[PDB]
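Chain naming here is simple, since letters A, B, ... match the order of the sequence lines and numbering starts at 1 in each. Worth knowing before you read on, the calculation uses all heavy atoms, side chains too, and leaves out hydrogens, waters and symmetry mates.
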Amino acid sequence: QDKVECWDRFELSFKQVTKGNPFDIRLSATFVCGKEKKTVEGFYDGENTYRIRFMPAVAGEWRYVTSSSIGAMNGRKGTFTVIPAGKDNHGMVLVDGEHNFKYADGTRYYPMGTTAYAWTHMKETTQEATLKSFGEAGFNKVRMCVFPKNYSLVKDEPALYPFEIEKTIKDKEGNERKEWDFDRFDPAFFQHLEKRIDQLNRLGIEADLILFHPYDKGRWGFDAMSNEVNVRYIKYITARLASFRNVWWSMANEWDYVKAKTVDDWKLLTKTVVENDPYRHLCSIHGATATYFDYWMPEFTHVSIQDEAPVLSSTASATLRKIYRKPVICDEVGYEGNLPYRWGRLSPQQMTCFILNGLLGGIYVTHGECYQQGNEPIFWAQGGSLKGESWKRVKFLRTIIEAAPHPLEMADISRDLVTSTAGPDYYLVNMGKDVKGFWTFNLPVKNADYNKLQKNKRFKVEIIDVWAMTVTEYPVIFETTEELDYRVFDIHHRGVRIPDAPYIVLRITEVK
Amino acid sequence: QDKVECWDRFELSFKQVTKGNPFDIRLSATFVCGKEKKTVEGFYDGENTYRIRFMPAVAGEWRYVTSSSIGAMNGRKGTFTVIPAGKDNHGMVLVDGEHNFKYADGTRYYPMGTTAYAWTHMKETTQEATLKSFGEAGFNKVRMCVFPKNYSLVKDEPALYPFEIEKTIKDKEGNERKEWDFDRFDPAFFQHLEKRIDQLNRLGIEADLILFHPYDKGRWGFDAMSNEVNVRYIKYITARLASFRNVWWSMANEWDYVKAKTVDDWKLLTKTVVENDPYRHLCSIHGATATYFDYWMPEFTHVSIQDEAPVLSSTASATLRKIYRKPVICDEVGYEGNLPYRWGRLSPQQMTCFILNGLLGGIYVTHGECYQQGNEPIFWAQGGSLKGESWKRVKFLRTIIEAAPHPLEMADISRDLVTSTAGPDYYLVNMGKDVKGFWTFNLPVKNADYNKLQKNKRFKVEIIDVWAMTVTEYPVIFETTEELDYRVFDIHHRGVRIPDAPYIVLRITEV
Ligand code: NI
Ligand code: NI
Ligand code: NI
Ligand code: NI
Ligand code: NI
Ligand code: NI
Ligand code: NI
Ligand code: NI
Ligand code: NI
Ligand code: NI
């Protein structure tokens, strides 16, 4: 492929016969463009075909040189041209300072994700439904498991598996049972995963890839493989996927429920991922409720947690930002649904409230939905169709947060529990769940690390009804007092008449 | 001193004339009792007197050997006997697992401290008043600055300073201005501090010693000394005080307001303390509101923070425990007082509520009070007399938490926001601030990492009115249902009639 865009993939392939196990063959290349130089591993893709993938990050005239344990694939050379990324290619998502994210091209990224753990393991018609739902919804990230999920309500047998089957046996309790050849991957499994990740990429969705998880417990045994096998898998999947710009590594979902693995195993596996990632994708690890790994380790780019506690209030979310000084994502806080399980029974309003709280506190929050309806797929695990109401409100919320000039944070942390800022003279004030008809115009004088709020400034107010998905301009222009006991009021003690409803947020901005 | 208790001090002293600066003289000793061996630094104490202090941690027949750059203090040997600690000597406070504390003898320690930043820098009658107040109150820790404090409402000139004065000059604006000889400590300043720390020890109070702070800003300059001086001071004060069992090191109060120091300076200064502490006292650092240092560094034993956010609810406190897996102390959350400043204007109720929230969530919380009244000393900075009401409630709260069989934690973290546990079948349920007359008997089935709450168990309820400082036995005995949607109820759907008041806690225990 002679011409590729910055942050797309350049791919080499070789047809080669091997005497032994082709998955043991060493293959790599070094890519050079002036001062830019990168060495990456290749992989075997079945049918006597080896591949090396590269994601160039600079435009120019590139060259490469291969290295292999097979002479015919060793010392192979060629060239290609890399052109600037096109308007909708922003590159990978990167950390931006201590709290936020940006695409590689400088474009702001706010993760507003959902959950579809085993959507790539369902029948084809369900997978197509899931893609349709992703196309309609406003989510720009999805938590998804590489390996299939065995769980309450999730019993569908996958059609593809990551390894070849060495043999099938009749088991302890009479039933059929596949024994894996852990030395041979099934390339079709990974090719399928790649097709889906690319489809997400075209929808603008980051694939938050869960590399390991506990949702197995002997059904297949992918949660209890040896560390030699775990490392071989990591090396293989990184060789295949590290060139895919929209991938994030999630080391685990509910790490502390994987009984075969110790904390030391997780540190080893994490280091292995990072060492085999030439491009430095985002990397974190998710735990049981209120379980916090050592996120301060340099391998991790951000915090990825299961805990509703930080989203019970915006201030609680804000504390986490100061503790970690890495971006914080509450990747699981409860899901909107009708399940008997306390993790899957939120009202759509509560789901929406938790996401709002985290956003306004300066963190990010992932959605999920799980409505059981006969034998229909349930989204959080299986994909299919979105049946709930909170997914509509997260789409509206994206429009709100993306319209602000900077990321959100508390204006006067720990002191004012309701006022967010997204810039100089740019506020979102949460009216809260205590229903009322009137809010006195009152702001902190402190505005995070922006300049203090000045006197004689004229502000307009917009009433944002988050549940109703509406923005209504208020006709009164407010005028700021001097600082008075850490606060700033309107000169005539005015306020805003609001609907007697929960989930009202006021957007207060300077009259231009 | 030929016979010493375990965790008391053995002290050597030598009379010696020195040609040069006596504060530059190298002096140390190695103490041995069988397999127990410790090497500690000595110090110059003025009047041609050098000292070496040691805190033995095991009973037996001890010996020592000194080392010095002065021949007469080098290779000196002797012996002493160490006996078991007496009934009220529990040793230093140590970390106990991920979340709690114990004295060295295994006795439980719950920090229920107060604040008196510059109490050792006041006139004598004020310092005696502060001692009397400490004796009456129930606090077992006090946050206190080594160096004097210059602040709004705190302008008293200290009588003693940590360094000799090289000269006094008429300054920019005409006034007198002391220039320090940073190469010579004033031993009297440190002797005074030691007297007070020992008095605290006899009261059962831990001296949480703030080594550096920003409350100076050029009045004296102790906040802007060179790192060479900072290190010399650290080495000196550790040599003097590391043997005092009731000391904790606080690297700073409001570290991030000390403009002359970078994060790298703080890491250096912290490593210097730890390298010069033969015994491993508690060590942390306090910041500005909602400022979190890298508490995960191994130098720190615990988290010491200024932030009311974690005590806004017990769940918020509980989250910090899981994050850090070191003990957590909200050492500053607002003070009860009448000041115009938002740090010093809590009601006594709110001060009490914050402390209760933290305790119930499994962390610890420090009190302060600051009532301005004419020119009278204001406790948070100057000591003197306690004028508020919350200090009475923290004393009652001690008796409650110490009566429980284990430390407190949430029974069903993040899911149940009101139920604390201190053991199997041992609950404190917070009724909250929303005033009501009745609580339906309802508990989680989960009980932290204890066994689940069983059916057919009989519970009594004690109504604890935290503000009124009363415990009242409720006459109904409740009996548990089976697990029903993660909860457990009373078999007859009963509950507890309670006072229509805030700050009611129910203590629920098996009959
Ligand atoms: Ni775009
Ligand atoms: Ni879960
Ligand atoms: Ni920050
Ligand atoms: Ni800007
Ligand atoms: Ni007017
Ligand atoms: Ni005692
Ligand atoms: Ni302060
Ligand atoms: Ni724990
Ligand atoms: Ni026990
Ligand atoms: Ni009965």
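A salt bridge links B:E483 with B:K452: the closest approach of a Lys/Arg side-chain nitrogen to an acidic carboxylate oxygen falls below 4.0 angstrom. By the 4.0 Å N-to-carboxylate-O rule, B:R53 lies close enough to B:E194 to be salt-bridged with it. A salt bridge between B:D331 and B:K141 is present, with a side-chain N of the basic residue lying under 4.0 Å from a carboxylate O of the acidic one. Remark: B:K326 does not engage B:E98 in a salt bridge, criterion side-chain N to carboxylate O under 4.0 Å.
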Inset, instruction - Determine, stepwise, if the pair B:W380 / B:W119 fulfils side chain to side chain contact (heavy atoms under 4.5 Å, CB included). - result: CA-CA 9 Å; B:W380 110 102; B:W119 81 276; over 6 Å; no
Legend entry - Steps toward side chain to side chain contact (heavy atoms under 4.5 Å, CB included) verdict (B:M410, B:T315): CA-CA 7 Å; B:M410 302 302 284; B:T315 300; 4.0 Å; yes
Legend entry - Working for side chain to side chain donor-acceptor pair (under 3.5 Å), residues B:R143 and B:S250: CA-CA 9 Å; B:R143 308 271 299 152; B:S250 185; 3.1 Å; yes
Legend entry - B:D416 vs B:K446, salt bridge (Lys or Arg N to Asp or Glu O under 4.0 Å): CA-CA, chis, key distance, verdict: CA-CA 10 Å; B:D416 171 323; B:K446 181 170 168 65; over 6 Å; no
Inset, instruction - With side chain to side chain contact (heavy atoms under 4.5 Å, CB included) as the test, would you mind laying out the steps for B:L417 and B:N430 before giving the verdict? - result: CA-CA 9 Å; B:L417 309 179; B:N430 195 347; over 6 Å; no
Inset, instruction - Test B:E336 against B:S390 for side chain to side chain donor-acceptor pair (under 3.5 Å), laying out the working first. - result: CA-CA 7 Å; B:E336 181 191 347; B:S390 64; 2.6 Å; yes
Inset, instruction - Decide yes or no on side chain to side chain donor-acceptor pair (under 3.5 Å) for B:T81 and B:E61, but give the supporting numbers first. - result: CA-CA 5 Å; B:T81 299; B:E61 288 308 300; 3.0 Å; yes
Legend entry - Worked check of salt bridge (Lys or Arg N to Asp or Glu O under 4.0 Å) between B:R202 and B:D88: CA-CA 9 Å; B:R202 300 302 179 205; B:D88 291 309; over 6 Å; no
Inset, instruction - Let me see the working for B:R9 and B:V4 under side chain to side chain contact (heavy atoms under 4.5 Å, CB included), right down to the final yes or no. - result: CA-CA 7 Å; B:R9 309 196 294 271; B:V4 196; 5.7 Å; no
Inset, instruction - Begin with the C-alpha distance, continue with both residues' side-chain angles, and end with the deciding distance and a verdict on ring-ring contact (aromatic ring centres under 6.0 Å, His included) for B:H302 and B:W248. - result: CA-CA 11 Å; B:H302 66 284; B:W248 304 16; 5.3 Å; yes
Legend entry - Stepwise side chain to side chain donor-acceptor pair (under 3.5 Å) test for B:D105 and B:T107: CA-CA 6 Å; B:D105 78 351; B:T107 302; 2.6 Å; yes
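Note that the CD1 atom of A:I305 and the SG atom of A:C330 stand 4.0 Å from one another [nearest 0.5 Å]. Distance check: B:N246 CG to B:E206 CD gives 5.5 Å after rounding to the nearest 0.5 Å. The NZ atom of B:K267 sits 10.5 Å away from atom CD1 of B:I285, with the distance rounded to the nearest 0.5 Å. Atom CD1 in B:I464 sits 8.0 Å away from atom CG in B:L506 (nearest 0.5 Å). Between the CG atom in B:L397 and the NE2 atom in B:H367 there is a gap of 11.5 Å [rounded to 0.5 Å]. In this structure, the separation between NZ on B:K395 and OG1 on B:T399 is 10.0 Å, given to the nearest 0.5 Å.
Within 6.0 Å of NZ on B:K392 lie more than 12 heavy atoms contributed by other residues, nucleotides or ligands. Within a 6.0 Å sphere centred on CZ of B:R280, other residues, nucleotides and ligands contribute more than 12 heavy atoms.
By the 30° and 60° cut-offs, the orientation of the rings of B:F147 relative to B:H213 is perpendicular. Ring-plane geometry between B:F459 and B:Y427 is classed as tilted, the angle between the planes lying from 30 to 60 degrees on a 0 to 90 degree scale.
Judged purely by atom type and a 3.5 angstrom limit, B:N140 uses its side chain to pair as donor or acceptor with the backbone of B:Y110. In this structure a side-chain-to-backbone donor-acceptor pair under 3.5 Å is missing from B:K460 to B:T509. B:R393 places a side-chain N or O within donor-acceptor distance of the main-chain N or O of B:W467, the cut-off being under 3.5 Å. Judged purely by atom type and a 3.5 angstrom limit, B:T366 has no side-chain atom pairing as donor or acceptor with the backbone of B:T114. Distance alone, capped at 3.5 Å, is enough to place a donor-acceptor pair between the B:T421 side chain and the B:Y426 backbone. A donor-acceptor contact shorter than 3.5 Å links the side chain of B:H281 to the backbone of B:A242. A donor-acceptor contact shorter than 3.5 Å is absent between the side chain of B:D465 and the backbone of B:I504. Not one N or O on the side chain of B:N276 forms a donor-acceptor pair closer than 3.5 Å with the backbone of B:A239.
Nearest heavy-atom pair across B:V93 and B:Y109 is CG1-CD2, 3.6 Å. For B:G362 against B:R321, the heavy-atom pair with the smallest separation is O-NE, 2.9 Å. Between A:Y295 and A:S284, the shortest heavy-atom contact is CE2-OG, 3.4 Å. Closest of all the heavy-atom pairs between B:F379 and B:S133 is CE1-CB, 3.8 Å. Scanning all heavy atoms of the two residues, the minimum distance from B:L94 to B:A104 falls at CD1-CA, 3.9 Å.
Checking A:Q306 against A:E254 by side-chain atom types alone, a donor-acceptor pair falls below 3.5 Å. With hydrogens and angles left out, the side-chain atoms of B:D277 and B:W249 include a donor and acceptor closer than 3.5 Å. A donor-acceptor contact closer than 3.5 angstrom links the side chains of B:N89 and B:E5. In the model, B:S414 has no side-chain atom that pairs as donor or acceptor with a side-chain atom of A:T289 under 3.5 Å.
With sequence neighbours excluded, the residues forming a side chain to side chain donor-acceptor pair (under 3.5 Å) with B:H286 are B:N253, B:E332, listed by chain and number. A search for side chain to side chain donor-acceptor pair (under 3.5 Å) contacts involving B:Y279 returns nothing, not counting sequence neighbours.
No option in B:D307, B:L320, B:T319 other than B:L320 meets the side-chain contact (heavy atoms from CB on, under 4.5 Å) test with A:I323. Each of B:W62, B:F244, B:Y64 was scored for a ring-ring contact (aromatic ring centres under 6.0 Å, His included) with B:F54, with one residue passing: B:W62.
The side-chain tip of A:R325 does not point at the ring of B:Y292 from less than 6.0 angstrom away and within 45° of straight on. Taking the ring axis of B:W255 as reference, the NZ or CZ atom of B:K261 does not stay both within 45° of it and closer than 6.0 Å to the ring centre.
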Ignoring hydrogens and angles, write down the donor-acceptor pairs under 3.5 Å from the side chains of residues 350-360 of chain B, residues two or more places apart or on other chains.
| residue | atom | partner | partner atom | Å |
| --- | --- | --- | --- | --- |
| B:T352 | OG1 | B:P348 | O | 2.8 |
| B:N357 | ND2 | B:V311 | O | 2.9 |

